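Asks: The structure follows.
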Amino acid sequence: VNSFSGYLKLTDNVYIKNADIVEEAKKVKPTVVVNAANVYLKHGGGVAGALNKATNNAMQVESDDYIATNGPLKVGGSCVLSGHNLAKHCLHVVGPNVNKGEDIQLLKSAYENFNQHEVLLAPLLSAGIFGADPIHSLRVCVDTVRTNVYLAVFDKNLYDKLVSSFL
Ligand SMILES: OC[C@@H]1CCCN1c1ncnc2[nH]ccc12
Ligand SMILES: [Cl-]
């Protein structure tokens, strides 16, 4: 039993809700919130910009130190940093950016990072400002993640389409 509420169950381990991940994180304070990061951890917009703003820029300050020490992430890769006021930890995951020509096959590699955590609150990856089709992203998620994932879908129109086309 966990503190997530109002989710539709899609599979044994995948749950979905029309919600702003920032509001879900503040309410639930999960162990892990996933950020839809880029390789530079520059949290400018979309999920990342919204999460960072909710931390009063502390996420960005921490991220800049991470990059100065370690260099950029790989597309498909991740790092665990603080969740600040939103969660215990933030798993920053880089999905491929289709607008940059990055290989959509890397979306599966991106979702594999979720399997290192028993329960996560997450957005879809590679959709939003990253350019990919969210319907495809949901299928890759369901076919890749084996741990318990709670997906917050920002757009109501999209949520209804993801649900209706699922089975
Ligand atoms: O595929 C990611 C979707 C599409 C673009 C933004 N995004 C979000 N998902 C969930 N919670 C969110 N809060 C703020 C933005 C946001
Ligand atoms: Cl986004």
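A note on labels: chains of the structure tokens are A, B, ... as shown, every chain counts residues from 1, and ligands are counted from 1 in their shown order.
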So that I can see what lies close to segment 150-155 of chain A, please list as a list in words the residues with an atom at most 9 Å from it, counting only C-alpha atoms and leaving out residues fewer than 3 positions away in the same chain.

Replies: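 What passes the distance filter is residues 4, 7, 13, 14, 15, 16, 17, 18, 19, 20, 21, 24, 119, 120, 121, 122, 123, 124, 158, 159 and 160 of chain A.
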
Asks: Please dump the current selection as a CSV table (one decimal), in the first residue's frame; keep N, CA, C and O atoms.

Replies:
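Final file, selection_19.csv:
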```csv
chain,number,residue,atom,x,y,z
A,4,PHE,N,-0.3,7.1,-3.2
A,4,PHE,CA,-0.8,7.6,-4.5
A,4,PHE,C,-2.3,7.3,-4.5
A,4,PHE,O,-2.8,6.3,-4.1
A,7,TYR,N,-5.3,7.0,-9.3
A,7,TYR,CA,-4.7,6.5,-10.5
A,7,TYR,C,-5.5,5.4,-11.1
A,7,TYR,O,-6.2,4.6,-10.4
A,13,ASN,N,1.9,-3.2,-13.1
A,13,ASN,CA,2.9,-2.3,-12.4
A,13,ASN,C,2.8,-0.9,-12.9
A,13,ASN,O,3.5,-0.1,-12.3
A,14,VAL,N,2.0,-0.5,-13.9
A,14,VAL,CA,1.9,0.8,-14.4
A,14,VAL,C,0.5,1.4,-14.1
A,14,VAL,O,-0.5,0.8,-14.4
A,15,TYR,N,0.6,2.6,-13.6
A,15,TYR,CA,-0.6,3.4,-13.2
A,15,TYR,C,-0.5,4.8,-13.8
A,15,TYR,O,0.6,5.3,-14.0
A,16,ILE,N,-1.7,5.4,-14.1
A,16,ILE,CA,-1.7,6.7,-14.8
A,16,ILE,C,-2.8,7.6,-14.3
A,16,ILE,O,-3.9,7.2,-13.9
A,17,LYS,N,-2.5,8.9,-14.4
A,17,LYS,CA,-3.4,9.9,-13.9
A,17,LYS,C,-3.2,11.2,-14.7
A,17,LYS,O,-2.1,11.5,-15.1
A,18,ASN,N,-4.3,12.0,-14.9
A,18,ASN,CA,-4.2,13.3,-15.5
A,18,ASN,C,-3.8,14.2,-14.3
A,18,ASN,O,-4.6,14.6,-13.5
A,19,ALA,N,-2.5,14.6,-14.3
A,19,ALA,CA,-2.0,15.4,-13.1
A,19,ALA,C,-0.7,16.1,-13.6
A,19,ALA,O,0.0,15.7,-14.5
A,20,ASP,N,-0.5,17.2,-12.9
A,20,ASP,CA,0.8,17.9,-13.0
A,20,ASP,C,1.8,17.2,-12.0
A,20,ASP,O,1.5,17.2,-10.8
A,21,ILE,N,2.9,16.7,-12.5
A,21,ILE,CA,3.9,16.0,-11.7
A,21,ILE,C,4.3,16.8,-10.5
A,21,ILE,O,4.6,16.3,-9.4
A,24,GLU,N,1.6,16.5,-7.9
A,24,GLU,CA,1.6,15.2,-7.3
A,24,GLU,C,2.8,15.0,-6.4
A,24,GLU,O,2.6,14.4,-5.3
A,119,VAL,N,9.6,2.0,-6.7
A,119,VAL,CA,8.4,2.8,-6.9
A,119,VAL,C,8.8,4.2,-7.4
A,119,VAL,O,9.7,4.8,-6.8
A,120,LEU,N,8.2,4.7,-8.4
A,120,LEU,CA,8.5,6.0,-8.9
A,120,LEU,C,7.3,6.8,-9.3
A,120,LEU,O,6.3,6.2,-9.8
A,121,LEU,N,7.3,8.1,-9.1
A,121,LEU,CA,6.4,9.1,-9.8
A,121,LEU,C,7.1,9.7,-11.0
A,121,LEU,O,8.2,10.2,-10.8
A,122,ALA,N,6.5,9.6,-12.1
A,122,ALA,CA,7.2,9.9,-13.4
A,122,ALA,C,6.3,10.6,-14.4
A,122,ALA,O,5.1,10.4,-14.4
A,123,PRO,N,6.9,11.4,-15.3
A,123,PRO,CA,6.2,11.8,-16.5
A,123,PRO,C,6.5,10.8,-17.6
A,123,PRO,O,7.3,9.9,-17.4
A,124,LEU,N,5.8,10.9,-18.7
A,124,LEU,CA,6.2,10.2,-19.9
A,124,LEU,C,7.6,10.8,-20.3
A,124,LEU,O,7.9,12.0,-20.0
A,158,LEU,N,-4.6,14.5,-24.0
A,158,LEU,CA,-3.7,13.4,-24.2
A,158,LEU,C,-4.0,12.3,-23.3
A,158,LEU,O,-4.0,11.1,-23.7
A,159,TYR,N,-4.2,12.5,-22.0
A,159,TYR,CA,-4.5,11.5,-21.0
A,159,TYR,C,-5.7,10.6,-21.5
A,159,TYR,O,-5.6,9.4,-21.5
A,160,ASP,N,-6.8,11.3,-22.0
A,160,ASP,CA,-7.9,10.6,-22.4
A,160,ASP,C,-7.6,9.7,-23.6
A,160,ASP,O,-8.1,8.6,-23.8
```

Asks: Given only C-alpha atoms and all ligand atoms, how would the per-residue table for chain A near ligand 2 read, listing every residue at most 6 Å away with its closest atom pair and distance in Å to one decimal, sorted by chain and number, as a Markdown table?

Replies:
```
| residue | atom | partner | partner_atom_place_in_ligand_line | distance |
| --- | --- | --- | --- | --- |
| A:46 | CA | ligand 2 | 1 (Cl) | 3.6 |
| A:47 | CA | ligand 2 | 1 (Cl) | 4.5 |
| A:128 | CA | ligand 2 | 1 (Cl) | 4.2 |
| A:129 | CA | ligand 2 | 1 (Cl) | 4.7 |
```

Asks: Hey, what's within 8 Å of segment 53-62 of chain A if we count only C-alpha atoms and toss same-chain stuff fewer than 6 positions away? As a ChimeraX atom specification, please?

Replies: /A:22,41-43,81-86

Asks: Of the candidates A:126, A:63, A:99, A:52, which shows the shortest atom-to-atom distance to ligand 1, using only C-alpha atoms and all ligand atoms?

Replies: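 Looking at the shortest contact to ligand 1, the residue is A:126.
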
Asks: If you run DSSP on this backbone, which residues of segment 56-164 of chain A come out as helix (DSSP H, G or I), and could you give them as an MDAnalysis selection string?

Replies: chainID A and resid 58:70 98:100 106:116 128:130 134:144 156:164

Asks: For segment 88-93 of chain A, work out the shell of residues within 8 Å, counting only C-alpha atoms and skipping chain neighbours fewer than 2 positions away, then give it as JSON, numbers by chain.

Replies: {"A": [29, 30, 31, 32, 33, 34, 35, 36, 37, 38, 41, 76, 77, 78, 79, 80, 81, 82, 83, 84, 85, 86, 95, 110, 113]}

Asks: Atom 10 (C, counted along the ligand's line) of ligand 1 and atom CA of residue 163 of chain A are how many Å apart?

Replies: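 These two atoms are separated by 15.5 Å.
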
Asks: Give the answer as one residue: which of A:130, A:66, A:114, A:40 has the shortest atom-to-atom distance to ligand 1, using only C-alpha atoms and all ligand atoms?

Replies: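 Selected residue with least distance to ligand 1: A:130.
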
Asks: Kindly give the distance, in Å, that separates atom CA of residue 10 of chain A and atom CA of residue 138 of chain A, rounded to a single decimal.

Replies: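 Answer for the atom CA of residue 10 of chain A to atom CA of residue 138 of chain A separation: 10.2 Å.
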
Asks: My list of candidates is A:12, A:118, A:23, A:112. Which is closest to ligand 1 when distances are computed with only C-alpha atoms and all ligand atoms?

Replies: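 Once distances to ligand 1 are computed over only C-alpha atoms and all ligand atoms, the minimum belongs to A:23.
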
Asks: When distances are computed from only C-alpha atoms and all ligand atoms, which of A:133, A:65, A:103, A:143 shows the smallest separation from ligand 1?

Replies: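 The shortest atom-to-atom distance to ligand 1 comes from A:133.
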
Asks: Got a sec to tell me which of segment 29-63 of chain A DSSP assigns to strand (DSSP E), as a tab-separated table (two decimals) with N, CA and C atoms, in the first residue's frame?

Replies:
```
chain	number	residue	atom	x	y	z
A	32	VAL	N	10.94	8.64	-4.99
A	32	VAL	CA	11.59	9.02	-6.24
A	32	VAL	C	10.60	9.75	-7.14
A	33	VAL	N	10.97	10.96	-7.57
A	33	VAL	CA	10.33	11.64	-8.68
A	33	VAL	C	11.30	11.64	-9.86
A	34	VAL	N	10.79	11.32	-11.04
A	34	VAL	CA	11.59	11.34	-12.26
A	34	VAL	C	11.50	12.71	-12.92
A	35	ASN	N	12.65	13.26	-13.30
A	35	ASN	CA	12.73	14.44	-14.14
A	35	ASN	C	13.02	14.05	-15.58
A	36	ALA	N	12.33	14.71	-16.51
A	36	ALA	CA	12.61	14.57	-17.94
A	36	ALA	C	13.74	15.53	-18.31
```

Asks: From the list A:25, A:75, A:98, A:39, which residue is nearest residue 132 of chain A when using only C-alpha atoms?

Replies: A:98

Asks: Name the closest residue to ligand 1 among the candidates A:107, A:127, A:67, A:94; distances are taken between atoms, counting only C-alpha atoms and all ligand atoms.

Replies: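 Of the candidates, the smallest distance to ligand 1 is held by A:127.
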
Asks: What does the structure give for the distance between atom CA of residue 135 of chain A and atom 11 (N, counted along the ligand's line) of ligand 1, in Å to one decimal?

Replies: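 The value is 15.7 Å.
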